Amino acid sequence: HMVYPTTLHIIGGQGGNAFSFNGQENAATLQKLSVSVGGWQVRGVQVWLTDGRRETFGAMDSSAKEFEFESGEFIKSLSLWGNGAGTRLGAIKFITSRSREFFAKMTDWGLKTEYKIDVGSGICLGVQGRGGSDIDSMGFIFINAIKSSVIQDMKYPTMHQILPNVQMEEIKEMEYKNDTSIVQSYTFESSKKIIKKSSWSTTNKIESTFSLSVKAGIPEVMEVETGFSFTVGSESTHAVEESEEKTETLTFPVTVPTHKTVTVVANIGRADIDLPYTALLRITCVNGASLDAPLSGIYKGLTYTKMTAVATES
């Protein structure tokens, strides 16, 4: 018993030359459809995907009726009609997740048997069928009902060759003046609110179409003896665009020699991070089949080091 990540039910005749306009390999999906109608057939379709690809099948006159999907709008239901003879595609009807309707039909011959299509998830990867002068046959490729959409195998392939730009900023300054002849001891304390940020760029509307999560560690900064290095922290699950608020702290004892002053300044390092990334988008269906698409882009991040301090005697 085999299961599949996509579903395709083609309708019409046996004529024409095979065509396939599929955004499967990069998770590109149907953005816009334009349909031209003849007397006894669908004459042509123009189809746009979310990655910019645009293709025409059959032929397009100016009876052309269009529909552009909104971001996050999917297909609730779809019906295809043959032309009655069983030799052409006769009509296309769909209704979206937002109740918007699109209907393109034969002008001359009336419609006959209506095939109601299982749309799976309603997320369409494009179309497949046969065409020449007309659309002999066509179906819509759908991803079956989705269980999860996770970006994983996260890599920062240039991180190992780049140094962090860490800018220091002062947080607090305090002075202790010992004008006695007994050593003194105080406790210094300081805190700072910080907001860390992580963004993975996405394309082809995958952020609005799929509920994305990212299983990965994020770029952090490590202070070593020589300077600063990039590492990647513990793996966890993230939104594609995320921020984390936190309070950093620092405390230590300060010993103040007899007849001396010590001045303490607390600082933190802040790094804007801009790095290319590679990962894979795995879409896993309810049925257990899956779809992988390689991803490439830019990680933008904001991070901080731990707080430090300089104590100087005067």
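The first residue of the shown sequence is 1; numbering continues from there.
For the two regions 184 to 192 and 225 to 233, the entry's Cα B-factors average higher over 225 to 233. Looking at 107 to 115 and 199 to 207 together, the entry lists the larger mean B-factor for 107 to 115, computed on C-alpha atoms. The entry lists C-alpha B-factors for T255, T29, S34, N267, and the highest of these is at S34. When the C-alpha B-factors of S243, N144, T87, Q152 are read from the PDB record, the largest value belongs to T87. Sort the chain's modelled residues by C-alpha temperature factor and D61 lands in the highest third, per the entry. The entry lists a Cα temperature factor for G120 that places it in the lowest third of the chain's modelled residues.
Per-chain ranking of the deposited C-alpha B factor places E248 in the lowest third. Ranked against the other modelled residues of its chain, the C-alpha B-factor of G301 as given in the entry falls in the lowest third. Among all modelled residues in its chain, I218 ranks in the middle third by Cα B-factor.
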